[PDB]
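**Q** What follows is a single structure, and I will ask about it in a moment.
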Amino acid sequence: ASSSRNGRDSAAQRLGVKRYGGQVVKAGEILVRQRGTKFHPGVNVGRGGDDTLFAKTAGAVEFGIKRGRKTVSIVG
Amino acid sequence: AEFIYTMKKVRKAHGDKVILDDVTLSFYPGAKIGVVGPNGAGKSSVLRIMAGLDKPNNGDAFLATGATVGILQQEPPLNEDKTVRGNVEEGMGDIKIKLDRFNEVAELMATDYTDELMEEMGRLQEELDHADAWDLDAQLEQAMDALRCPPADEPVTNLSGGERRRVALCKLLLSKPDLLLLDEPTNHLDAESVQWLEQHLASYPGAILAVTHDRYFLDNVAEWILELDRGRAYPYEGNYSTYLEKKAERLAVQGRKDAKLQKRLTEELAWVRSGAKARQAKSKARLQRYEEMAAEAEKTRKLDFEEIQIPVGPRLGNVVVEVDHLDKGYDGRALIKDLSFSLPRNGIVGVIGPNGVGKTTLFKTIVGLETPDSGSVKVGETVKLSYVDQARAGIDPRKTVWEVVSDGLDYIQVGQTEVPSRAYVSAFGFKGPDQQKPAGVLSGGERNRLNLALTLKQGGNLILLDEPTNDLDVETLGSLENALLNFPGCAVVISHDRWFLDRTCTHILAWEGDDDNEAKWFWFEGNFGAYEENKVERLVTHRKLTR
Amino acid sequence: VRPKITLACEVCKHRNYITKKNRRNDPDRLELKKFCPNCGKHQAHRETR
RNA sequence: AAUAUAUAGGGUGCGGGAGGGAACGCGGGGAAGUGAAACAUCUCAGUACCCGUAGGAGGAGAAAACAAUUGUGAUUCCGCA
RNA sequence: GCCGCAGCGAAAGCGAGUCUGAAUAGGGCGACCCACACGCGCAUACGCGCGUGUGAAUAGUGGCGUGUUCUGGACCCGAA
RNA sequence: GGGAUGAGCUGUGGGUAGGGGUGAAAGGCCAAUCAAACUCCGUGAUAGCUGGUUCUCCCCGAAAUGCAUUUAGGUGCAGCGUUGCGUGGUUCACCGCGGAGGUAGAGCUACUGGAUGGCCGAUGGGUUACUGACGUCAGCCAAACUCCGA
RNA sequence: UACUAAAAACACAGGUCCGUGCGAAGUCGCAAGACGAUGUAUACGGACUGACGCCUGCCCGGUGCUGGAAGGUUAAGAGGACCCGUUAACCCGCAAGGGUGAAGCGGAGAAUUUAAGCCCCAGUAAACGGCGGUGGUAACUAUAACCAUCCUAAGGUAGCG
RNA sequence: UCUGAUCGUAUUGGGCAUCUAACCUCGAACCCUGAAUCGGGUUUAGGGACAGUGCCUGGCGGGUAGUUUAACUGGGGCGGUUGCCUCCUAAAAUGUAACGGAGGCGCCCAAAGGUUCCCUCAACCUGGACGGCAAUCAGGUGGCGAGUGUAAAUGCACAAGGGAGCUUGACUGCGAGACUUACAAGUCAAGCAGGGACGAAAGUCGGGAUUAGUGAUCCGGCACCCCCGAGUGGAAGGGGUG
RNA sequence: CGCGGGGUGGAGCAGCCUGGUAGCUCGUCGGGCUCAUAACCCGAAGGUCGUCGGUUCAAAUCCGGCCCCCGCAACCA
RNA sequence: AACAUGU
Ligand SMILES: Nc1ncnc2c1ncn2[C@@H]1O[C@H](COP(=O)(O)OP(=O)(O)NP(=O)(O)O)[C@@H](O)[C@H]1O
Ligand SMILES: Nc1ncnc2c1ncn2[C@@H]1O[C@H](COP(=O)(O)OP(=O)(O)NP(=O)(O)O)[C@@H](O)[C@H]1O
Ligand SMILES: [Mg+2]
Ligand SMILES: [Mg+2]
Ligand SMILES: [Mg+2]
Ligand SMILES: [Mg+2]
Ligand SMILES: [Mg+2]
Ligand SMILES: [Mg+2]
Ligand SMILES: [Mg+2]
Ligand SMILES: [Mg+2]
Ligand SMILES: [Mg+2]
Ligand SMILES: [Mg+2]
Ligand SMILES: [Mg+2]
Ligand SMILES: [Mg+2]
Ligand SMILES: [Mg+2]
Ligand SMILES: [Mg+2]
Ligand SMILES: [Mg+2]
Ligand SMILES: [Mg+2]
Ligand SMILES: [Mg+2]
Ligand SMILES: [Mg+2]
Ligand SMILES: [Mg+2]
Ligand SMILES: [Mg+2]
Ligand SMILES: [Mg+2]
Ligand SMILES: [Mg+2]
Ligand SMILES: [Mg+2]
Ligand SMILES: [Mg+2]
Ligand SMILES: [Mg+2]
Ligand SMILES: [Mg+2]
Ligand SMILES: [Mg+2]
Ligand SMILES: [Mg+2]
Ligand SMILES: [Mg+2]
Ligand SMILES: [Mg+2]
Ligand SMILES: [Mg+2]
Ligand SMILES: [Mg+2]
Ligand SMILES: [Mg+2]
Ligand SMILES: [Mg+2]
Ligand SMILES: [Mg+2]
Ligand SMILES: [Mg+2]
Ligand SMILES: [Mg+2]
Ligand SMILES: [Mg+2]
Ligand SMILES: [Mg+2]
Ligand SMILES: [Mg+2]
Ligand SMILES: [Mg+2]
Ligand SMILES: [Mg+2]
Ligand SMILES: [Mg+2]
Ligand SMILES: [Mg+2]
Ligand SMILES: [Mg+2]
Ligand SMILES: [Mg+2]
Ligand SMILES: [Mg+2]
Ligand SMILES: [Mg+2]
Ligand SMILES: [Mg+2]
Ligand SMILES: [Mg+2]
Ligand SMILES: [Mg+2]
Ligand SMILES: [Mg+2]
Ligand SMILES: [Mg+2]
Ligand SMILES: [Mg+2]
Ligand SMILES: [Mg+2]
Ligand SMILES: [Mg+2]
Ligand SMILES: [Mg+2]
Ligand SMILES: [Mg+2]
Ligand SMILES: [Mg+2]
Ligand SMILES: [Mg+2]
Ligand SMILES: [Mg+2]
Ligand SMILES: [Mg+2]
Ligand SMILES: [Mg+2]
Ligand SMILES: [Mg+2]
Ligand SMILES: [Zn+2]
């Protein structure tokens, strides 16, 4: 009956990419919810407090590389 | 009998250290209360509530209508004007500008319109007959000759330590408030001025509260005695010989009640680890009583007392201090004239004198911070001193108490040995997270205790102490004089505590000046009790201060 | 050790903000320069007692 | 009567009360199961039961009342609010 | 008497608006007909504002039914 | 088989009443019933538990999961069923294009650890026949290793 | 233990301790009353052992019971400073307001005064209860009469196993 | 007439002692009473403002009464666990269970927050007073192997890491639109206005590199706004915002 | 196996949740007293705090990881 | 009042 002290865990935070590329968004939608800057803000995209990569302008989402760092941009 | 001050359900606490908890008491006029208690009890925090400076956390600690309040802080402030201008800022505070307005209108109303300014020189003149301020000049000239103040036209920077308390007692005793708040009034005063303040506070219309650590000023000025324990206040009557009985009795019954509570735990802790047997269960009621008895055994840890431990210096030689025909003076006044002595080895020299006679200037010629006018001081190659002034650097009011003893360092040199700084300040009482208290929030019993930590880390074999018996209670005052007898060097002590120099002294240097000389001293080979006997073989009306 | 303090304006004495200090690091009162909605301009705020 | 005034008690003559009844009325005493998904405040309910006492009905009833500053004008009971 | 007849607001109150607010800022809740010519600073055409309609499309309440619900023993039988 | 002149056995009449009686003490006995009798009444007590619930055809047709719970054999909301009124191809399948991934696999002188055998040899141990670090040449392993990667 | 238990259980005579000074203590009763008992500390009641014989050791820290009353703490009642509400009057005034406010009636009420109890100081174990660890040491070995130390209110004696 | 002492009358409470008349007497005698160990009355002998009883109040109180005393669980008990953050289990979106495998949290910081400007680390190698494997210095080499207030992951050398100047945006009034989600909650947000900080400007700032450091509703406390004010003016109490 | 104490100089124990400076008694060793040994008096030496891996400036203490010693639970059929 | 011992 060696009761292990190894049972607890935390609730899943629903992270990941929430709008994909070539997809029409509205102004202010959340594109990528994440810890840290796994994806970086490109053009017309702002970061936020907990690195949430919102939208500044309606348009089409496109992803790309900008000097090693993978970015998220919006083509108006 | 209408009161002066009342407290209702007052609770003031600095987090974990409570000062009051649900206190309620009233102060009626004609009370003579002397408030006692050890260091850290909260005596100077209660008097700052009653002065209107601080405010309690909850409860209602208010004042009677009218009934102005004057407080003497434990380190009293002064202005930067003259001594005659130092007394007019309290006692003659609001009434001098009525006098500075009535002489203004004595020429302004003549050259201007005489109908609105007619009553403006009228209601001033109605505030000069019930307060009797027509002779305000000679009311100052009496209140300086009662406390025997320094003269009128000198700055208040180059004064004594006791002359800065004589000029601060004259401020409050001119106001005549309905509630005095004296925080240690007999510090730095001689035997003449404390005997004055005993007979003055006898006949005094109004409540007097006075926190004192000595035992002979209190029995002449106080008939009721208030105490501050860990939060609680215990009022009763007596004469401080019954305070030390009842304080030592509360700890007697508490010691053999916490001990009986301790054996109830070990009989109960053995039950909670005994392991549940067959299908009968261990009762959750008894688990809950043990978890509430373990908590009341933790809010009782009160034993924390470390002896003052002076570090020994190197081996001391035969010449400690030689003085040959010393003269010292700042003006045409002479303080020291034709003085020759030689400090011994492995003794205690007590220095005796009334206020403003040159005891502290005598130390500053030995350490070299002053210069003799004629004659020399000679030290000797084995002597390493230990001395810190009260005024040139002292303490810094926003550095913490750990970085005043240290300078931000981990280990310090107390004289050819390595000790940790936090193990050094904890040897001087400052234990736990109290080592981050800045110097402004330290009390008087732990500013005198901090000042011993700065002087004694220099590791000397000739320590010079200027009034170490200042704001210390009887528990650590006996602990200091224990360590001056186990000290293998020479210690020189300036004091006014007559029953501290009677206990640990071997040599007496005393001012025996009279009318024709006023600057001669005297060296005596022996203790203070035998100096009083030798004094009479070689060889008063109370001044009123008011009307 | 970190109590909650309320900051009051030094002109109109409204209690506009609540915050936390450290009682061992800041034994004295906190003076900041915050925005009072009564006065309409940034003014000196200080703790209560 | 004890005991004096007298009263308690006693004598004689007249009148009255007691007990029953299915419900309704008035005044007093007063549960628990149950509901709260446990339970104590609370509810069930001043219910069940009990005690006193009636009447053909009973109780209440002629303002030390309401009102809002204009007005209604003893109580009971039904409808609303 | 009830429900419908105008809402907003904690409420004084104001009212096709009203509350928050310093706000001719934004919101919350609520009112508010082009598929139709003309008149209409107008506009390439299309609408805006505003008369006449092309005489626009609304609506509540009471009875009796049915489904579920509420207070009652509440679909019926059964404890210690 | 035990008592059988005794703290005996028995007759007739009487007293003790339910949280009370009585008990030479077993929770015994108190009308074949006793860890609180029997009978009427509150009363059709209550039961998240068990049993039962009656005539027919026609269309559609589940769930045993999520979250919460004095909760886990119960229940509330969702999920999935049916039906009225709205919306009208917005669902799903396939092909073409635009997107993020770090499993399977593989790799490790690309990191953190494991780790076989040679070569060099810091130290440690008895001038050094034992220990073999760090480097280095070949061969390897990993859910909490990844320069890669379906 | 009527109806699965007749015993080692209960009773008992003997022992001790505590309570009771007399319509007693104890018990049945809301009370009056009654039992106790037409008894009176050699009597009556409550507890625990159980003829008899030899005995009944140490512990008053804990929890009870008995006594004490120095000190702390502590209820209602008594007391009713001050503070607050209202307003006759007065003051600045726009008499659109603001300020000061007697007497009265009310609201909330502090100091002070005050018993038992509890904390406290003692006694009590035929009151409920409790009666220790680790290491060394003697003619071969073995065991320690003996010693060291820590602790407790005190460390299980006689006898038995 | 004040502060203090003292005397004296009137008054009013608290102790103590004495009294008798309330009250008490299962002490006695006599009477109703013919028959009465009940009861009442009369006189006597004692007690006595105490005791008893009422109303208010503190203590004590298993003597009695009503009840509570959780769940998960490889049956139950015993042992363990219960909310929040991070990783593996998790099968390349999200999500996913077990008494599966590892750790944390119930804080801290008045700068360790904001802004402008500047800088690059650890390790190794050579030289050097005390100086050693390693303090501080000088020069090479070094692209992230150091560092991050705090666990772990995702990140960060353009730094979010190391240093300095000034400061309080650790704001008030709002917030189109989204992520998550049974509900309740939880999370992000450009931008507009007031009033500020920093910067020459462009601009950035509604606390911290990110995600833990916490608690619904009811009932209350406090400051402020003057919203209702049970006949009217007030007030009590309620109401709003913090 | 499961709980929960414990390991400190040759022997016995403090210190430990209240982190900084390792202590108390006996014993051992050298010197005294005595005719000599005891007893007594004086001066000294002696410990990786069971081992090793984490925070802190600093660990016997705070936290993990293993190795022995002691105590207690293993009940209902 | 101290005071045990002697192949
Ligand atoms: N710098 C100075 N210039 C002039 N006079 C001075 C100075 N310092 C001290 N004095 C005077 O010298 C006298 C004695 O000085 P001081 O030695 O301080 O006396 P003291 O002993 O300290 N008095 P106290 O210690 O309170 O009992 C006093 O009159 C002072 O005012
Ligand atoms: N502002 C403060 N913040 C935190 N702690 C404080 C503060 N003020 C005081 N203290 C603490 O509370 C204590 C109270 O001081 P206090 O005891 O009143 O002085 P004191 O009694 O006069 N000392 P003493 O004069 O020697 O008797 C101090 O010693 C500090 O330890
Ligand atoms: Mg996760
Ligand atoms: Mg944040
Ligand atoms: Mg003081
Ligand atoms: Mg001086
Ligand atoms: Mg600071
Ligand atoms: Mg009748
Ligand atoms: Mg009930
Ligand atoms: Mg219920
Ligand atoms: Mg139920
Ligand atoms: Mg009638
Ligand atoms: Mg409405
Ligand atoms: Mg609007
Ligand atoms: Mg037979
Ligand atoms: Mg036979
Ligand atoms: Mg026979
Ligand atoms: Mg019968
Ligand atoms: Mg039984
Ligand atoms: Mg029977
Ligand atoms: Mg029953
Ligand atoms: Mg019913
Ligand atoms: Mg039923
Ligand atoms: Mg079908
Ligand atoms: Mg459902
Ligand atoms: Mg594709
Ligand atoms: Mg792909
Ligand atoms: Mg992975
Ligand atoms: Mg693989
Ligand atoms: Mg490797
Ligand atoms: Mg190898
Ligand atoms: Mg892999
Ligand atoms: Mg039988
Ligand atoms: Mg029988
Ligand atoms: Mg039988
Ligand atoms: Mg007997
Ligand atoms: Mg007796
Ligand atoms: Mg009796
Ligand atoms: Mg007994
Ligand atoms: Mg027996
Ligand atoms: Mg005792
Ligand atoms: Mg007692
Ligand atoms: Mg005894
Ligand atoms: Mg024996
Ligand atoms: Mg009474
Ligand atoms: Mg019970
Ligand atoms: Mg019930
Ligand atoms: Mg269960
Ligand atoms: Mg199991
Ligand atoms: Mg996934
Ligand atoms: Mg998948
Ligand atoms: Mg944990
Ligand atoms: Mg900065
Ligand atoms: Mg930085
Ligand atoms: Mg904040
Ligand atoms: Mg919004
Ligand atoms: Mg702006
Ligand atoms: Mg500027
Ligand atoms: Mg912004
Ligand atoms: Mg953080
Ligand atoms: Mg509730
Ligand atoms: Mg009114
Ligand atoms: Mg109010
Ligand atoms: Mg608002
Ligand atoms: Mg020796
Ligand atoms: Mg069994
Ligand atoms: Zn303001």
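Residues in the structure tokens are numbered from 1 in each chain, the chains being A, B, ... in the order shown, and ligands are numbered from 1 in the order shown.
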Skip residue 34 of chain C itself and residues of its chain fewer than 2 positions away, then list as an MDAnalysis selection string all residues within 9 Å of it, counting only C-alpha atoms (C1' of nucleotides).
**A** (chainID C and resid 9 16:17 32 36 41:45) or (chainID H and resid 168 171 196)
**Q** Compile the contact shell of residue 28 of chain E as an MDAnalysis selection string: residues with an atom at most 12 Å away, counting only C-alpha atoms (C1' of nucleotides), same-chain residues fewer than 5 positions apart removed.
**A** chainID E and resid 8:9 18:20
**Q** Using DSSP secondary structure from the backbone, list all strand (DSSP E or B) positions within chain A, as a list in words.
**A**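 Here are the strand (DSSP E or B) residues of chain A: residues 16, 17, 24, 25, 32, 33, 40, 41, 59, 60, 61, 62, 63, 64, 65, 66, 69, 70, 71, 72, 73, 74 and 75 of chain A.
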**Q** Write a file of the just-selected residues containing C-alpha atoms, as a tab-separated table (two decimals), in the first residue's frame.
**A**
chain	number	residue	atom	x	y	z
A	16	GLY	CA	-1.68	26.60	-30.33
A	17	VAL	CA	-2.49	28.25	-33.63
A	24	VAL	CA	-9.89	35.73	-43.69
A	25	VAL	CA	-9.98	37.31	-40.24
A	32	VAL	CA	-1.75	32.30	-32.08
A	33	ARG	CA	-2.07	31.66	-28.35
A	40	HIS	CA	6.66	36.43	-33.87
A	41	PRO	CA	4.54	39.45	-34.82
A	59	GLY	CA	-7.34	40.55	-44.05
A	60	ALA	CA	-5.66	37.26	-44.84
A	61	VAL	CA	-3.24	35.55	-42.48
A	62	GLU	CA	0.10	34.46	-43.89
A	63	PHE	CA	3.07	32.84	-42.18
A	64	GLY	CA	6.69	33.36	-43.10
A	65	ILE	CA	10.36	33.34	-42.14
A	66	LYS	CA	12.10	36.63	-41.27
A	69	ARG	CA	12.35	33.66	-36.66
A	70	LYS	CA	9.01	32.36	-37.93
A	71	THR	CA	6.47	35.16	-38.18
A	72	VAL	CA	2.74	35.77	-38.51
A	73	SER	CA	1.50	38.54	-40.79
A	74	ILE	CA	-1.77	39.83	-42.25
A	75	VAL	CA	-2.15	40.84	-45.89
**Q** Could you list, as an MDAnalysis selection string, all residues that come within 10 Å of ligand 43? Count only C-alpha atoms (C1' of nucleotides) and all ligand atoms.
**A** chainID G and resid 58:60 123:125
**Q** Could you give me, as number ranges by chain, the residues within 10 Å of residue 148 of chain G, counting only C-alpha atoms (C1' of nucleotides) and dropping anything in the same chain fewer than 3 positions from it?
**A** G: 135-136; I: 11-12, 25-27
**Q** Residues of the last selection are to be written out with C-alpha atoms (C1' of nucleotides), as a PDB file, in the first residue's frame.
**A**
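Dumped to again_30.pdb:
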ATOM      1  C1'   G G 135      26.548   1.077  27.761  1.00  0.00           C
ATOM      2  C1'   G G 136      30.414  -1.073  30.737  1.00  0.00           C
TER       3        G G 136
ATOM      4  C1'   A I  11      30.246   5.338  26.785  1.00  0.00           C
ATOM      5  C1'   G I  12      25.656   8.217  27.847  1.00  0.00           C
ATOM      6  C1'   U I  25      28.872  14.452  32.725  1.00  0.00           C
ATOM      7  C1'   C I  26      31.976  10.279  33.051  1.00  0.00           C
ATOM      8  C1'   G I  27      36.196   7.936  30.738  1.00  0.00           C
TER       9        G I  27
END
**Q** Find the spatial neighbours of residue 61 of chain D, counting only C-alpha atoms (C1' of nucleotides), within a cut-off of 10 Å - ignore same-chain residues fewer than 6 positions away - and output them as an MDAnalysis selection string.
**A** chainID D and resid 74:76
**Q** Could you tell me how far atom CA of residue 254 of chain B lies from atom CA of residue 40 of chain B, in Å and to one decimal?
**A**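 Taking atom CA of residue 254 of chain B and atom CA of residue 40 of chain B, their separation equals 19.7 Å.
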**Q** Select, as a PyMOL selection string, those residues of chain G with any atom no more than 9 Å from chain B (distances computed using only C-alpha atoms (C1' of nucleotides)).
**A** chain G and resi 61-62+81-82+110-111+120
**Q** Taking only C-alpha atoms (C1' of nucleotides) and all ligand atoms into account, which residues have an atom no farther than 12 Å from ligand 10? I'd like them as a PyMOL selection string.
**A** (chain D and resi 33-40+42-44) or (chain F and resi 46-47) or (chain H and resi 67)
**Q** Between atom CA of residue 513 of chain B and atom CA of residue 465 of chain B, what distance in Å does the model show, to one decimal?
**A**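 One can read the atom CA of residue 513 of chain B to atom CA of residue 465 of chain B distance as 23.6 Å.
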**Q** Give as a compact mmCIF listing (two decimals) with N, CA and C atoms, in the first residue's frame the residues surrounding ligand 1 up to a distance of 7 Å, considering only C-alpha atoms (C1' of nucleotides) and all ligand atoms.
**A**
# COMPACT_ATOMS: atom_id res chain seq x y z
N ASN B 158 26.61 74.00 19.35
CA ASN B 158 27.72 73.68 20.24
C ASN B 158 27.29 73.66 21.70
N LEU B 159 26.24 72.91 22.00
CA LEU B 159 25.79 72.71 23.37
C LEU B 159 26.15 71.31 23.83
N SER B 160 25.78 71.02 25.07
CA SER B 160 26.08 69.74 25.70
C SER B 160 25.07 68.70 25.25
N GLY B 161 25.05 67.56 25.93
CA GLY B 161 23.99 66.60 25.73
C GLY B 161 22.89 66.84 26.73
N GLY B 162 23.23 67.47 27.84
CA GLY B 162 22.27 67.75 28.88
C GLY B 162 21.74 69.16 28.77
N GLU B 163 22.53 70.04 28.16
CA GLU B 163 22.04 71.37 27.86
C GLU B 163 21.03 71.37 26.72
N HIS B 188 20.62 62.33 30.31
CA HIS B 188 21.68 63.32 30.16
C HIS B 188 21.69 64.42 31.22
N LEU B 189 20.80 64.36 32.21
CA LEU B 189 20.77 65.38 33.24
C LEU B 189 21.60 64.95 34.44
N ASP B 190 22.08 65.94 35.18
CA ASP B 190 22.87 65.70 36.38
C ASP B 190 21.95 65.48 37.57
N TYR B 330 37.35 76.89 25.08
CA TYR B 330 36.84 77.35 23.80
C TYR B 330 36.77 78.86 23.68
N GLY B 353 30.68 64.82 36.94
CA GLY B 353 30.52 66.24 36.80
C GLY B 353 29.12 66.63 36.42
N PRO B 354 28.72 67.84 36.79
CA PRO B 354 27.42 68.35 36.33
C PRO B 354 27.45 68.77 34.87
N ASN B 355 26.33 69.30 34.38
CA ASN B 355 26.19 69.55 32.95
C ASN B 355 26.99 70.76 32.50
N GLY B 356 27.62 70.61 31.34
CA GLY B 356 28.40 71.68 30.75
C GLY B 356 29.68 71.98 31.49
N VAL B 357 30.50 70.97 31.73
CA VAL B 357 31.69 71.18 32.54
C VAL B 357 32.90 70.59 31.82
N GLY B 358 32.65 69.78 30.79
CA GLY B 358 33.74 69.33 29.95
C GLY B 358 34.11 67.86 30.00
N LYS B 359 33.14 66.99 30.26
CA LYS B 359 33.42 65.57 30.30
C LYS B 359 33.64 65.02 28.89
N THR B 360 32.85 65.46 27.92
CA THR B 360 32.97 64.95 26.57
C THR B 360 34.13 65.61 25.83
N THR B 361 34.48 66.85 26.18
CA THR B 361 35.71 67.44 25.64
C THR B 361 36.95 66.76 26.19
N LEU B 362 36.85 66.13 27.36
CA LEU B 362 37.98 65.40 27.91
C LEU B 362 38.28 64.15 27.10
